[PDB]
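Virtual Cβ from ideal backbone geometry, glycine too; neighbours counted across all protein chains shown. Every read-out reported here was derived from the displayed coordinates using simple, explicitly stated rules and does not represent laboratory data.
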Amino acid sequence: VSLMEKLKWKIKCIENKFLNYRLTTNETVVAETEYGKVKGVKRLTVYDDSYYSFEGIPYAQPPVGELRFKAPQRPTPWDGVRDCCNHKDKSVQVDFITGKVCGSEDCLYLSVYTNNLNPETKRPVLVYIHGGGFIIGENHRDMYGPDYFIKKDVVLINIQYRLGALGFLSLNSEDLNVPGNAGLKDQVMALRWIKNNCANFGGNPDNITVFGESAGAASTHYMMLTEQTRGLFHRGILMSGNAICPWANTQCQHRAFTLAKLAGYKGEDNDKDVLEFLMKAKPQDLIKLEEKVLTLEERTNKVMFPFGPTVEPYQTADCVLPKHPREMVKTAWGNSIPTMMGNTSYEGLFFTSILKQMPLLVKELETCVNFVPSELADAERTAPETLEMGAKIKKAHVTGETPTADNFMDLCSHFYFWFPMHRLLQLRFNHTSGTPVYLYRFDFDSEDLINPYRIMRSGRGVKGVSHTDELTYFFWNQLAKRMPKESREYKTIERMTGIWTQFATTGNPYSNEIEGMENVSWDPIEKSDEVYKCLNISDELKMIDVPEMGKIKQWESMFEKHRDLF
C-alpha cells in the first residue's frame, strides 16, 4: 500500500483517537456476567444518538504459552468490577496499511453494545463475526462501530477469534493435541458465553442471530454446521461466503514444518519437534512469515491462505470440523433455522489491485483450467478432461477473442462466491426441515461514504459494487462521516440495518415499515425453483431473478459426469 495512503491512514487514526475521546461520556454502568461484574461506559455517535458500550470482555483464557495453538479454555472468574471501558488488542496479524505486525496473543474478547440497558421487553441479540480471510481483522470500533445498529432496539456483539497460524495450525500426531481449528473453537466458546450472558444486557437468549461477511460468512456457516453449537442461536445471515467456498478450508497439516523452517527450525520433519519450536517462537515472527509458506504449486491451484479451517485428523472433545464441510451440510442442525444469504453485484471487482501487480493472471483465462474446482482437476491441470471443464468456464466468462480484466474479475465472482452459494443451496435442500432461506443481491454504488477495505483493494475511483462495499452501510468506521438524512447513503443505512434487524427479530426479512419495500414480495427459495429469486438492493429495492444464473448453471455442468461430487 502506497506511502500516501499510509500517511493518510496515520492522520485518520489520530483523528479517530480524539473523536473517540470526545464521543465518550462520564456515565458508567455495571452489568452482571456469569464471570463477574463489568463496568461499561455510554458513548455518543455523530448522529447524536447514544449507546452503552462494554468492550474487552474475555470469553476465553488468554491463549499464551502452553495454550498456544490449543483449544480455548473458559476464563477465570473474578470478584469485583472488571473495567470494560476500553478495547483490548487485535489478534496478531499483518497490518494491511503499514505492512508491520500488530496485535497480541491476548485477543479472545468480545464487545456488547445497546441503546438501552434496561429494556421493557427482551431484545434481539445480533452477533457479528468479522471477515479477513482468517488472517486479519478485529472487533475495534474504528472498523466495526455499532453506531448505525444502535438506532434500532437490538443488542449487538462483535467477537474476536485467533487468526492465522496461531488460530489454525494443524498437526497429525494425536499426542500433541493440535488438531486444528482453534480459531473456530474460539468462536464456539464466545457463542456459549453469549447464550448464557446476553440476558444481563437485555438480550433474548432465545432470539440470537449470528452473521458475518467473507471469512466471517464462512465462520457463521461453520457455526451452523458443527454439533458443538446445536440450538445456540436461531438465525443466520451469510454475507458473501459460506463453508464450501474454495478458500474456506484447506488441509494444512504439512505446512507447519514449512513455517518452522522459515522461522529458524533446525532438525527433521516430525510433529513433536516442530511444535516445540513453534511454541517458543515470537508470535510476530510466525505471523510475518505466513506469506511465504505456500508453494508455487499451491498458489497456482488458487490456494489463498496457508493456515485456515481444516478437517481435523483425529476427533477431540472440542472438535469442530470432523469431516469435509460438504459432508457436514448433510447432518447440520443449522439447515433447520431461518437463513439469509447474498452477494454484491460485482464481487470479483475486489481483485483489481492483485491484477495490477500480476497482469499475467489474465492469460489464465485462455484455457481456464486453473479455475476448475480442485476436486475435478488433475495435478498438472493438463488432462483432456480438465481442459474440457476449463472450456466450459471460458465460454461462461470470456466475452471476446482475447480475455479481459473484467472477464477475470467476473470469473472470480463465480469461482469464489456464486458457484459455492449455488452448491450449498442445492445440497441444503436435500437435507432440511424446510425452513426458509432468503437471497439478497447488494447493488448499491457510492463513493461518498467508504470503508477501509477500499484502501486495500485499491478501490479509489473505481465504479461497481465490490466485495465488502456493503459493510459501509452496517457499521461506522474511522473513514466515515455524518450523512444528511435525505441522502441515498443515509437511506441505505436505514434500509440495511432495518432488514437485518427485521430478519433477526422475526426470522423474516420483509417489512413495509422500511422505505422502498412497498411493492416488494420477498419469497424464500424452493428446491423446485430452476431460477433463484433475490431482493436486489440498489437505489430501489426490487425482486429479480438472479442475473448470474446462466453462468451458475454453466459451472454446474462441469459436474455432469460427476454428480456425486456436487
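Tallying residues that are under 20 Å from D186 (Cα atoms) and in a loop (DSSP other than H, G, I, E, B) within segment 85-110 yields 10. Of all residues in segment 419-455, those that are closer than 24 Å to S466 by Cβ and in a helix (DSSP H, G or I) total 10.
For segment 25-47, how many residues are free of Cβ contacts under 8 Å to residues at least 24 places away in the same chain and surrounded by 12 or more Cβ atoms within 10 Å (Cβ to Cβ)?
Of the residues in segment 25-47, the ones free of Cβ contacts under 8 Å to residues at least 24 places away in the same chain are 26-27, 42-44.
Those left that are additionally surrounded by 12 or more Cβ atoms within 10 Å (Cβ to Cβ): 42-44.
Summing the residues that are free of Cβ contacts under 8 Å to residues at least 24 places away in the same chain and surrounded by 12 or more Cβ atoms within 10 Å (Cβ to Cβ) in segment 25-47 gives 3.
Checked against (1) touching a helix residue (DSSP H, G or I) at 6+ places or on another chain (Cβ under 8 Å); (2) part of a loop (DSSP other than H, G, I, E, B), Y222 passes all but condition (2).
Kindly provide the set of residues from segment 223-275 that are of a type in the set (K, R) and either surrounded by 20 or more Cβ atoms within 10 Å (Cβ to Cβ) or under 23 Å from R441 (Cα atoms) (or both), ordered by number.
Step one: filter segment 223-275 for residues of a type in the set (K, R), giving 230, 235, 255, 261, 266, 272.
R235, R255, listed by residue number.
Can you tell me which residue in segment 276-294 is farthest from the chain's Cα centre (by Cα), limited to those that are in contact (Cβ under 8 Å) with a residue 24 or more places away in the chain and either loosely packed, with under 15 Cβ neighbours inside 10 Å or more than 12 Å from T258 (Cα to Cα) (or both)? The residue in question is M279.
Among the candidates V520, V531, the residue that is surrounded by 15 or more Cβ atoms within 10 Å (Cβ to Cβ), touching a strand residue (DSSP E or B) at 6+ places or on another chain (Cβ under 8 Å) and assigned to a loop (DSSP other than H, G, I, E, B) is uniquely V520.
Restricting the search to segment 355-364, which residues are charged (D, E, K, R) and either buried (at least 17 other Cβ atoms within 10 Å of the Cβ) or without any contact (Cβ under 8 Å) to a residue 12 or more places away in the chain (or both)? Selection gives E364 alone.
Here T367, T344, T352, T331 are screened, and the one residue that is closer than 30 Å to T226 by Cβ and surrounded by 15 or more Cβ atoms within 10 Å (Cβ to Cβ) is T344. Can you say whether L166 is part of a helix (DSSP H, G or I), more than 14 Å from the chain's Cα centre (by Cα) and surrounded by 24 or more Cβ atoms within 10 Å (Cβ to Cβ), as far as the supplied structure shows? Spelling it out, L166 is indeed part of a helix (DSSP H, G or I), more than 14 Å from the chain's Cα centre (by Cα) and surrounded by 24 or more Cβ atoms within 10 Å (Cβ to Cβ). Taking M189, is it of a type in the set (A, V, I, L, M), in a helix (DSSP H, G or I) and in contact with a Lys or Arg (Cβ under 8 Å, 6 or more places away or on another chain)? Criteria met by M189.
Taken residue by residue, segment 111-120 has no member that is touching a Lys or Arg at 6+ places or on another chain (Cβ under 6 Å), closer than 30 Å to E5 by Cα and not in a loop (DSSP other than H, G, I, E, B). Restricting attention to segment 527-541 and to residues that are within 26 Å of the chain's Cα centre (by Cα) and not polar (S, T, N, Q), the residue that is farthest from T432 (Cα to Cα) turns out to be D539.
The set of residues in segment 225-246 being over 26 Å from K302 (Cα atoms) and in a helix (DSSP H, G or I) consists of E227, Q228, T229.
Among the helices (runs of 4 or more DSSP H) lying completely within segment 253-351, list those that include at least 1 residues that are among the aliphatic types (A, V, I, L, M) and under 22 Å from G103 (Cα atoms). In segment 253-351, 255-262, 271-280, 283-288 are the helices (runs of 4 or more DSSP H) which contain 1 or more residues that are among the aliphatic types (A, V, I, L, M) and under 22 Å from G103 (Cα atoms).
A quick yes/no check of all residues on (1) over 27 Å from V125 (Cα atoms); (2) surrounded by fewer than 18 Cβ atoms within 10 Å (Cβ to Cβ):
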site: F442; (1), (2): no, no
site: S446; (1), (2): yes, yes
site: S458; (1), (2): yes, no
site: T472; (1), (2): no, no
site: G498; (1), (2): no, no
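Of all residues in segment 141-163, which are part of a loop (DSSP other than H, G, I, E, B), within 18 Å of the chain's Cα centre (by Cα) and closer than 17 Å to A480 by Cβ? Once the filter is applied, which keeps residues that are part of a loop (DSSP other than H, G, I, E, B), within 18 Å of the chain's Cα centre (by Cα) and closer than 17 Å to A480 by Cβ, segment 141-163 yields only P146.
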